[PDB]
Each structure stands twice: as structure tokens, then as C-alpha cells.
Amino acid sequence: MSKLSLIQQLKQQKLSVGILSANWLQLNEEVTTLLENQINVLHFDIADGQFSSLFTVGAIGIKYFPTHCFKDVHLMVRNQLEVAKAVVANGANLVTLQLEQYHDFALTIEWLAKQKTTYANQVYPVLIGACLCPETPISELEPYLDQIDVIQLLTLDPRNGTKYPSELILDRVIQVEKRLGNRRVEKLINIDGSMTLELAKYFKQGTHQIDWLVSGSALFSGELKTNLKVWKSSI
């Protein structure tokens, strides 16, 4: 199966859930609740305290989640190649790098391009993502746009904790869409960073196609089931 076929299938899903935002003693039930609600995309922030102060989990974090879940693995690390190998080895289906981490960006996307993993009950190439912090110019994507599958836009800069204006983020979505042209159908444009129902509604009211929004602590502030009912009702 090709990347393109997979990408079109994924667009059926609207939420990449940051599952480790849950209580780690309730992970099985949380994932069960997600599956019961036709959600199977799980986001992981793999962060080493080197890109930002953010020091979260390594590859081990993604390991025990079922292979019938799509593992959207977001790296914010110093050693992107090494960490990419580790997450691919633990079943990552998408590996997203930080564009700002330029020292091994190209090398890592080169290695990723040759990897395959299994999703659901089939073998696919691993999807490759590029994430940009809010001030990183969309213009810096140009050398890689053809090669990447996912463009992820952060709402905030983890390197300072600063949350950026939602209108800026929507503008950036437009700038990305423009550059993709007729190849827009070949990519996911996703938004990540301290997602709230208010941001979610603003981005989806925005008349420009966003594929996935990534959930954070807000989904798990209160019962997941409750919050899912709102997501499903409101957005």
C-alpha cells in the first residue's frame, strides 16, 4: 500500500489524541473509550529536554499501544536520527521532526523515507512530518515539501511556552495550502499545541482544510467520555 492511499484514509479521522495526557494508570480504559468512539489516532510528544525544556518520554512511550492504532509520533529532540530509529522500531506510523532542528533534518528524512511499518493489518511506508513553531517561516519548507507527508503547525513555541495568536496559525495553514497547490490531497496539514475547544472551533470555522487537530491536557480535564461528547457535538 502506498503513502497516498494511507493519507487519504487518515483524513477520515479528525483528532490525533495525545494519549499520555491521560492518567497513566488508566491508559487501557482511555484507549478503549477512544476506539469505542471511532478514534484510533494517538499522538505522542517525544521530547528530551534539549529542543525545549519539555522532557516527556522516549520511544518506550508508544510501545505498548495496539498496532490497530495509528501512532503519530512527534519528536522534539536533539538527536533526531537516533530517536527516529527508536520510535520506528517501536512501531511509529508517522514520525514528525522539528524543521528548526536543521542539523540532522535532511539526514533523518532520508532514513525515514526507506522505512515501513505495519498499521492495522497492512504494511505501509512510515509517514514523514515537519513541524514548525509559530515564528518559523513557511518559506523554510520549500526544500522538503515534496518529500514530507505531514505539515504540522504548532500554536505555541515550546522553547518559551509562548502561545501565539490563532489568526496567525490559520494564516500559516493558508500559506502552506497555497504552496501545496494541486498536491494538497497528498498531505496532512495538522495543528498541535495546547488545543482547547475554543481554538478547535476557530480553526474549523476557518474555511481552510485542517486534517487533524492534536489533543492535549484539555481532553483529559474532566472525564474523557464527557469531553468526547462535546467534541463530537461542538466540532
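Numbers for residues come from their place in the sequence shown, where the first is 1.
Quick check on the record: does 209-217 or 223-231 carry the larger mean Cα temperature factor?
The stretch with the larger mean CA B-factor is 223-231.
Mean Cα B factor from the PDB record: higher for 68-76, or higher for 118-126?
Result: 118-126.
Going by the CA temperature factor in the entry, name the top one among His43, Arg172, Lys63, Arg184.
Result of the comparison over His43, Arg172, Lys63, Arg184: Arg184.
In the PDB entry, which of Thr108, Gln101, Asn160, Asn90 has its C-alpha at the highest B-factor?
It is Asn160.
Third assignment of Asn37 from its chain's C-alpha B-factors
Middle third of the chain for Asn37's C-alpha B-factor.
What third of its chain's C-alpha B-factors does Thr96 belong to: lowest, middle or highest?
According to the entry, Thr96 has a C-alpha B-factor in the chain's lowest third.
Among all modelled residues of this chain, ranked by Cα B factor, put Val176 in the bottom, middle or top third, i.e. lowest, middle or highest.
Answer is lowest: the recorded C-alpha B-factor places it there.
Could you tell me which third, lowest, middle or highest, the C-alpha B-factor of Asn28 occupies within its chain?
As the PDB entry reports it, the C-alpha B-factor of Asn28 lands in the middle third of its chain.
Considering only modelled residues of the same chain, in which third does the CA B-factor of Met195 rank: lowest, middle or highest?
Ranked within chain, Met195 CA B lands in the middle tercile.
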